[PDB]
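Undergrad: Here you go, query.cif (mmCIF, N, CA, C and O atoms; chains and numbers go by the auth columns):
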```cif
data_query
loop_
_atom_site.group_PDB
_atom_site.id
_atom_site.type_symbol
_atom_site.label_atom_id
_atom_site.label_comp_id
_atom_site.label_asym_id
_atom_site.label_seq_id
_atom_site.Cartn_x
_atom_site.Cartn_y
_atom_site.Cartn_z
_atom_site.B_iso_or_equiv
_atom_site.auth_seq_id
_atom_site.auth_asym_id
ATOM 1 N N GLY A 1 0.806 -1.206 0.000 0.00 908 R
ATOM 2 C CA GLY A 1 0.000 0.000 0.000 0.00 908 R
ATOM 3 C C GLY A 1 0.842 1.260 0.000 0.00 908 R
ATOM 4 O O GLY A 1 2.061 1.218 0.166 0.00 908 R
ATOM 5 N N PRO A 2 0.186 2.415 -0.191 0.00 909 R
ATOM 6 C CA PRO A 2 0.863 3.715 -0.218 0.00 909 R
ATOM 7 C C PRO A 2 1.385 4.125 1.156 0.00 909 R
ATOM 8 O O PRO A 2 0.996 3.554 2.175 0.00 909 R
ATOM 9 N N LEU A 3 2.269 5.117 1.176 0.00 910 R
ATOM 10 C CA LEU A 3 2.843 5.604 2.424 0.00 910 R
ATOM 11 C C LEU A 3 1.927 6.631 3.082 0.00 910 R
ATOM 12 O O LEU A 3 1.662 6.564 4.281 0.00 910 R
ATOM 13 N N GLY A 4 1.444 7.582 2.286 0.00 911 R
ATOM 14 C CA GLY A 4 0.561 8.608 2.808 0.00 911 R
ATOM 15 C C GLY A 4 -0.209 9.321 1.714 0.00 911 R
ATOM 16 O O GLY A 4 0.300 9.512 0.610 0.00 911 R
ATOM 17 N N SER A 5 -1.441 9.715 2.020 0.00 912 R
ATOM 18 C CA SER A 5 -2.285 10.406 1.053 0.00 912 R
ATOM 19 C C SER A 5 -1.744 11.803 0.761 0.00 912 R
ATOM 20 O O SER A 5 -0.714 12.207 1.299 0.00 912 R
ATOM 21 N N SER A 6 -2.449 12.536 -0.095 0.00 913 R
ATOM 22 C CA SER A 6 -2.040 13.887 -0.463 0.00 913 R
ATOM 23 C C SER A 6 -2.831 14.927 0.323 0.00 913 R
ATOM 24 O O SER A 6 -4.036 15.080 0.131 0.00 913 R
ATOM 25 N N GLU A 7 -2.143 15.639 1.210 0.00 914 R
ATOM 26 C CA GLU A 7 -2.781 16.665 2.026 0.00 914 R
ATOM 27 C C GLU A 7 -3.425 17.735 1.149 0.00 914 R
ATOM 28 O O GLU A 7 -4.407 18.364 1.541 0.00 914 R
ATOM 29 N N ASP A 8 -2.863 17.936 -0.038 0.00 915 R
ATOM 30 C CA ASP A 8 -3.382 18.930 -0.971 0.00 915 R
ATOM 31 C C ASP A 8 -4.828 18.620 -1.345 0.00 915 R
ATOM 32 O O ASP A 8 -5.595 19.518 -1.688 0.00 915 R
ATOM 33 N N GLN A 9 -5.190 17.343 -1.279 0.00 916 R
ATOM 34 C CA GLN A 9 -6.544 16.916 -1.613 0.00 916 R
ATOM 35 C C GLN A 9 -7.578 17.726 -0.838 0.00 916 R
ATOM 36 O O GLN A 9 -8.489 18.313 -1.422 0.00 916 R
ATOM 37 N N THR A 10 -7.431 17.753 0.484 0.00 917 R
ATOM 38 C CA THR A 10 -8.353 18.489 1.340 0.00 917 R
ATOM 39 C C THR A 10 -8.489 19.938 0.884 0.00 917 R
ATOM 40 O O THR A 10 -9.591 20.482 0.835 0.00 917 R
ATOM 41 N N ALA A 11 -7.362 20.557 0.549 0.00 918 R
ATOM 42 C CA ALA A 11 -7.356 21.942 0.094 0.00 918 R
ATOM 43 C C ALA A 11 -8.309 22.137 -1.080 0.00 918 R
ATOM 44 O O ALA A 11 -8.904 23.202 -1.238 0.00 918 R
ATOM 45 N N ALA A 12 -8.448 21.102 -1.902 0.00 919 R
ATOM 46 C CA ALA A 12 -9.330 21.159 -3.061 0.00 919 R
ATOM 47 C C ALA A 12 -10.791 21.033 -2.646 0.00 919 R
ATOM 48 O O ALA A 12 -11.658 21.741 -3.163 0.00 919 R
ATOM 49 N N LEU A 13 -11.060 20.129 -1.711 0.00 920 R
ATOM 50 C CA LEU A 13 -12.419 19.910 -1.227 0.00 920 R
ATOM 51 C C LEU A 13 -12.979 21.176 -0.586 0.00 920 R
ATOM 52 O O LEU A 13 -14.167 21.474 -0.714 0.00 920 R
ATOM 53 N N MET A 14 -12.117 21.917 0.100 0.00 921 R
ATOM 54 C CA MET A 14 -12.525 23.154 0.758 0.00 921 R
ATOM 55 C C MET A 14 -13.062 24.157 -0.258 0.00 921 R
ATOM 56 O O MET A 14 -14.019 24.880 0.016 0.00 921 R
ATOM 57 N N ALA A 15 -12.438 24.196 -1.430 0.00 922 R
ATOM 58 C CA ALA A 15 -12.854 25.111 -2.487 0.00 922 R
ATOM 59 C C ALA A 15 -14.266 24.790 -2.966 0.00 922 R
ATOM 60 O O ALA A 15 -14.985 25.669 -3.441 0.00 922 R
ATOM 61 N N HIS A 16 -14.656 23.526 -2.838 0.00 923 R
ATOM 62 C CA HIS A 16 -15.983 23.090 -3.259 0.00 923 R
ATOM 63 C C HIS A 16 -17.065 23.737 -2.400 0.00 923 R
ATOM 64 O O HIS A 16 -18.139 24.081 -2.893 0.00 923 R
ATOM 65 N N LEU A 17 -16.775 23.898 -1.114 0.00 924 R
ATOM 66 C CA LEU A 17 -17.724 24.504 -0.186 0.00 924 R
ATOM 67 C C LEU A 17 -17.750 26.021 -0.346 0.00 924 R
ATOM 68 O O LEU A 17 -18.817 26.633 -0.383 0.00 924 R
ATOM 69 N N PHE A 18 -16.567 26.620 -0.443 0.00 925 R
ATOM 70 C CA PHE A 18 -16.454 28.066 -0.600 0.00 925 R
ATOM 71 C C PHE A 18 -17.193 28.536 -1.850 0.00 925 R
ATOM 72 O O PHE A 18 -17.661 29.671 -1.915 0.00 925 R
ATOM 73 N N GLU A 19 -17.291 27.653 -2.840 0.00 926 R
ATOM 74 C CA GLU A 19 -17.971 27.979 -4.088 0.00 926 R
ATOM 75 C C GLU A 19 -19.454 28.250 -3.845 0.00 926 R
ATOM 76 O O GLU A 19 -20.100 28.959 -4.615 0.00 926 R
ATOM 77 N N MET A 20 -19.984 27.680 -2.769 0.00 927 R
ATOM 78 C CA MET A 20 -21.390 27.861 -2.423 0.00 927 R
ATOM 79 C C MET A 20 -21.611 29.200 -1.727 0.00 927 R
ATOM 80 O O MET A 20 -22.600 29.886 -1.980 0.00 927 R
ATOM 81 N N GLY A 21 -20.683 29.565 -0.847 0.00 928 R
ATOM 82 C CA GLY A 21 -20.797 30.820 -0.128 0.00 928 R
ATOM 83 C C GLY A 21 -20.802 30.628 1.376 0.00 928 R
ATOM 84 O O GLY A 21 -21.379 31.432 2.109 0.00 928 R
ATOM 85 N N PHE A 22 -20.160 29.560 1.837 0.00 929 R
ATOM 86 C CA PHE A 22 -20.096 29.263 3.263 0.00 929 R
ATOM 87 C C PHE A 22 -19.016 30.097 3.944 0.00 929 R
ATOM 88 O O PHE A 22 -19.290 30.835 4.891 0.00 929 R
ATOM 89 N N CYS A 23 -17.787 29.974 3.456 0.00 930 R
ATOM 90 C CA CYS A 23 -16.662 30.716 4.017 0.00 930 R
ATOM 91 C C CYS A 23 -16.412 30.308 5.466 0.00 930 R
ATOM 92 O O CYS A 23 -16.321 31.157 6.353 0.00 930 R
ATOM 93 N N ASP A 24 -16.302 29.005 5.697 0.00 931 R
ATOM 94 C CA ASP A 24 -16.063 28.485 7.038 0.00 931 R
ATOM 95 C C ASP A 24 -15.018 27.374 7.011 0.00 931 R
ATOM 96 O O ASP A 24 -15.354 26.190 7.060 0.00 931 R
ATOM 97 N N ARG A 25 -13.750 27.763 6.932 0.00 932 R
ATOM 98 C CA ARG A 25 -12.656 26.800 6.896 0.00 932 R
ATOM 99 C C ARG A 25 -12.658 25.927 8.148 0.00 932 R
ATOM 100 O O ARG A 25 -12.176 24.795 8.127 0.00 932 R
ATOM 101 N N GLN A 26 -13.203 26.463 9.236 0.00 933 R
ATOM 102 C CA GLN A 26 -13.266 25.734 10.496 0.00 933 R
ATOM 103 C C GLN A 26 -14.286 24.602 10.420 0.00 933 R
ATOM 104 O O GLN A 26 -14.021 23.481 10.856 0.00 933 R
ATOM 105 N N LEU A 27 -15.455 24.903 9.864 0.00 934 R
ATOM 106 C CA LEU A 27 -16.516 23.912 9.730 0.00 934 R
ATOM 107 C C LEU A 27 -16.091 22.780 8.799 0.00 934 R
ATOM 108 O O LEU A 27 -16.165 21.606 9.160 0.00 934 R
ATOM 109 N N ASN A 28 -15.644 23.142 7.602 0.00 935 R
ATOM 110 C CA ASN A 28 -15.205 22.157 6.620 0.00 935 R
ATOM 111 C C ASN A 28 -14.140 21.238 7.210 0.00 935 R
ATOM 112 O O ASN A 28 -14.013 20.080 6.811 0.00 935 R
ATOM 113 N N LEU A 29 -13.377 21.763 8.163 0.00 936 R
ATOM 114 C CA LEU A 29 -12.323 20.989 8.810 0.00 936 R
ATOM 115 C C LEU A 29 -12.911 19.969 9.779 0.00 936 R
ATOM 116 O O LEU A 29 -12.581 18.784 9.724 0.00 936 R
ATOM 117 N N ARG A 30 -13.786 20.436 10.663 0.00 937 R
ATOM 118 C CA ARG A 30 -14.422 19.564 11.644 0.00 937 R
ATOM 119 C C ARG A 30 -15.383 18.593 10.964 0.00 937 R
ATOM 120 O O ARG A 30 -15.614 17.487 11.455 0.00 937 R
ATOM 121 N N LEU A 31 -15.941 19.014 9.835 0.00 938 R
ATOM 122 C CA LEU A 31 -16.878 18.182 9.087 0.00 938 R
ATOM 123 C C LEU A 31 -16.149 17.047 8.376 0.00 938 R
ATOM 124 O O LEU A 31 -16.569 15.890 8.437 0.00 938 R
ATOM 125 N N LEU A 32 -15.056 17.384 7.701 0.00 939 R
ATOM 126 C CA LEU A 32 -14.267 16.392 6.977 0.00 939 R
ATOM 127 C C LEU A 32 -13.921 15.210 7.877 0.00 939 R
ATOM 128 O O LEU A 32 -14.166 14.056 7.526 0.00 939 R
ATOM 129 N N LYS A 33 -13.351 15.505 9.040 0.00 940 R
ATOM 130 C CA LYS A 33 -12.974 14.469 9.993 0.00 940 R
ATOM 131 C C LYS A 33 -14.205 13.734 10.514 0.00 940 R
ATOM 132 O O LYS A 33 -14.117 12.587 10.953 0.00 940 R
ATOM 133 N N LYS A 34 -15.354 14.401 10.458 0.00 941 R
ATOM 134 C CA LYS A 34 -16.604 13.810 10.921 0.00 941 R
ATOM 135 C C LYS A 34 -17.124 12.783 9.919 0.00 941 R
ATOM 136 O O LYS A 34 -17.669 11.747 10.304 0.00 941 R
ATOM 137 N N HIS A 35 -16.950 13.075 8.635 0.00 942 R
ATOM 138 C CA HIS A 35 -17.399 12.175 7.578 0.00 942 R
ATOM 139 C C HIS A 35 -16.235 11.353 7.033 0.00 942 R
ATOM 140 O O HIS A 35 -16.403 10.563 6.106 0.00 942 R
ATOM 141 N N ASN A 36 -15.056 11.546 7.615 0.00 943 R
ATOM 142 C CA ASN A 36 -13.865 10.823 7.186 0.00 943 R
ATOM 143 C C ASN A 36 -13.462 11.230 5.772 0.00 943 R
ATOM 144 O O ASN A 36 -13.447 10.405 4.858 0.00 943 R
ATOM 145 N N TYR A 37 -13.135 12.506 5.600 0.00 944 R
ATOM 146 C CA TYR A 37 -12.733 13.023 4.297 0.00 944 R
ATOM 147 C C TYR A 37 -13.837 12.816 3.265 0.00 944 R
ATOM 148 O O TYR A 37 -13.595 12.294 2.177 0.00 944 R
ATOM 149 N N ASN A 38 -15.050 13.230 3.615 0.00 945 R
ATOM 150 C CA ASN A 38 -16.193 13.091 2.720 0.00 945 R
ATOM 151 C C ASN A 38 -16.797 14.452 2.393 0.00 945 R
ATOM 152 O O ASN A 38 -17.772 14.876 3.015 0.00 945 R
ATOM 153 N N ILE A 39 -16.212 15.134 1.413 0.00 946 R
ATOM 154 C CA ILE A 39 -16.693 16.446 1.003 0.00 946 R
ATOM 155 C C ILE A 39 -18.186 16.413 0.692 0.00 946 R
ATOM 156 O O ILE A 39 -18.917 17.355 0.998 0.00 946 R
ATOM 157 N N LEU A 40 -18.632 15.320 0.081 0.00 947 R
ATOM 158 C CA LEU A 40 -20.039 15.161 -0.271 0.00 947 R
ATOM 159 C C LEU A 40 -20.931 15.363 0.950 0.00 947 R
ATOM 160 O O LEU A 40 -21.881 16.144 0.913 0.00 947 R
ATOM 161 N N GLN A 41 -20.616 14.655 2.030 0.00 948 R
ATOM 162 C CA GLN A 41 -21.390 14.758 3.262 0.00 948 R
ATOM 163 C C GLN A 41 -21.122 16.085 3.964 0.00 948 R
ATOM 164 O O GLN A 41 -22.002 16.641 4.621 0.00 948 R
ATOM 165 N N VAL A 42 -19.900 16.587 3.821 0.00 949 R
ATOM 166 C CA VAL A 42 -19.515 17.850 4.440 0.00 949 R
ATOM 167 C C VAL A 42 -20.360 19.002 3.910 0.00 949 R
ATOM 168 O O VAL A 42 -21.013 19.711 4.676 0.00 949 R
ATOM 169 N N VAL A 43 -20.343 19.184 2.593 0.00 950 R
ATOM 170 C CA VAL A 43 -21.110 20.250 1.960 0.00 950 R
ATOM 171 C C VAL A 43 -22.595 20.124 2.279 0.00 950 R
ATOM 172 O O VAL A 43 -23.265 21.114 2.577 0.00 950 R
ATOM 173 N N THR A 44 -23.107 18.899 2.215 0.00 951 R
ATOM 174 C CA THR A 44 -24.514 18.642 2.497 0.00 951 R
ATOM 175 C C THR A 44 -24.864 19.018 3.932 0.00 951 R
ATOM 176 O O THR A 44 -25.987 19.433 4.217 0.00 951 R
ATOM 177 N N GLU A 45 -23.896 18.870 4.830 0.00 952 R
ATOM 178 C CA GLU A 45 -24.104 19.195 6.238 0.00 952 R
ATOM 179 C C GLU A 45 -24.256 20.701 6.431 0.00 952 R
ATOM 180 O O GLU A 45 -25.270 21.173 6.948 0.00 952 R
ATOM 181 N N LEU A 46 -23.242 21.451 6.014 0.00 953 R
ATOM 182 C CA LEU A 46 -23.262 22.903 6.141 0.00 953 R
ATOM 183 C C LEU A 46 -24.532 23.487 5.531 0.00 953 R
ATOM 184 O O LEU A 46 -25.090 24.459 6.044 0.00 953 R
ATOM 185 N N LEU A 47 -24.986 22.887 4.437 0.00 954 R
ATOM 186 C CA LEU A 47 -26.193 23.346 3.757 0.00 954 R
ATOM 187 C C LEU A 47 -27.420 23.157 4.643 0.00 954 R
ATOM 188 O O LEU A 47 -28.087 24.124 5.010 0.00 954 R
ATOM 189 N N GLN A 48 -27.712 21.906 4.982 0.00 955 R
ATOM 190 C CA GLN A 48 -28.859 21.590 5.825 0.00 955 R
ATOM 191 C C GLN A 48 -28.784 22.344 7.150 0.00 955 R
ATOM 192 O O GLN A 48 -29.736 23.020 7.545 0.00 955 R
ATOM 193 N N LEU A 49 -27.650 22.225 7.829 0.00 956 R
ATOM 194 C CA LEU A 49 -27.451 22.896 9.110 0.00 956 R
ATOM 195 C C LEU A 49 -27.738 24.390 8.992 0.00 956 R
ATOM 196 O O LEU A 49 -28.261 25.006 9.919 0.00 956 R
ATOM 197 N N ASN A 50 -27.391 24.965 7.845 0.00 957 R
ATOM 198 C CA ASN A 50 -27.612 26.387 7.605 0.00 957 R
ATOM 199 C C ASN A 50 -28.833 26.604 6.717 0.00 957 R
ATOM 200 O O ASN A 50 -28.920 27.600 5.998 0.00 957 R
ATOM 201 N N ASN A 51 -29.773 25.667 6.772 0.00 958 R
ATOM 202 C CA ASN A 51 -30.989 25.756 5.971 0.00 958 R
ATOM 203 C C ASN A 51 -31.851 26.932 6.422 0.00 958 R
ATOM 204 O O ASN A 51 -32.454 27.623 5.602 0.00 958 R
ATOM 205 N N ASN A 52 -31.905 27.151 7.731 0.00 959 R
ATOM 206 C CA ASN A 52 -32.693 28.242 8.292 0.00 959 R
ATOM 207 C C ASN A 52 -32.349 29.566 7.616 0.00 959 R
ATOM 208 O O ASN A 52 -31.555 30.351 8.134 0.00 959 R
#
```
Would it be possible to restate this file's structure as structure tokens?
TA:
Amino acid sequence: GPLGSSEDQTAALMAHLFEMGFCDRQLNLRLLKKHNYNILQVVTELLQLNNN
């Protein structure tokens, strides 16, 4: 197996959220680890959570 993943990857996922208009590097960080590097679930979370 590989030695280690690419940290740059996360940097790309963050841009996916910022494209929506969240602007919360802190949330995307706590969310990623929550979904285990799952931008899909991360973005969906910030959206629903901020549905109000």
Undergrad: Please compute the atom N of residue 936 of chain R-atom CA of residue 959 of chain R distance, one decimal, in Å.
TA: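 Atom-to-atom, atom N of residue 936 of chain R and atom CA of residue 959 of chain R are spaced 20.4 Å apart.
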Undergrad: Do you have the atom C of residue 918 of chain R-atom CA of residue 958 of chain R distance handy?
TA: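 If I compute the distance from atom C of residue 918 of chain R to atom CA of residue 958 of chain R, I get 24.0 Å.
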Undergrad: Compile the contact shell of residue 939 of chain R as a PyMOL selection string: residues with an atom at most 12 Å away, counting only C-alpha atoms, same-chain residues fewer than 4 positions apart removed.
TA: chain R and resi 916-918+920-921+924+932-935+943-953
Undergrad: One decimal, Å: what's the distance from atom CA of residue 928 of chain R over to atom O of residue 915 of chain R, could you say?
TA: 19.0 Å
Undergrad: Per DSSP on the backbone, filter segment 911-956 of chain R down to the residues in alpha helix (DSSP H) and report them as JSON, numbers by chain.
TA: {"R": [915, 916, 917, 918, 919, 920, 921, 922, 923, 924, 925, 932, 933, 934, 935, 936, 937, 938, 939, 940, 941, 942, 946, 947, 948, 949, 950, 951, 952, 953, 954, 955, 956]}
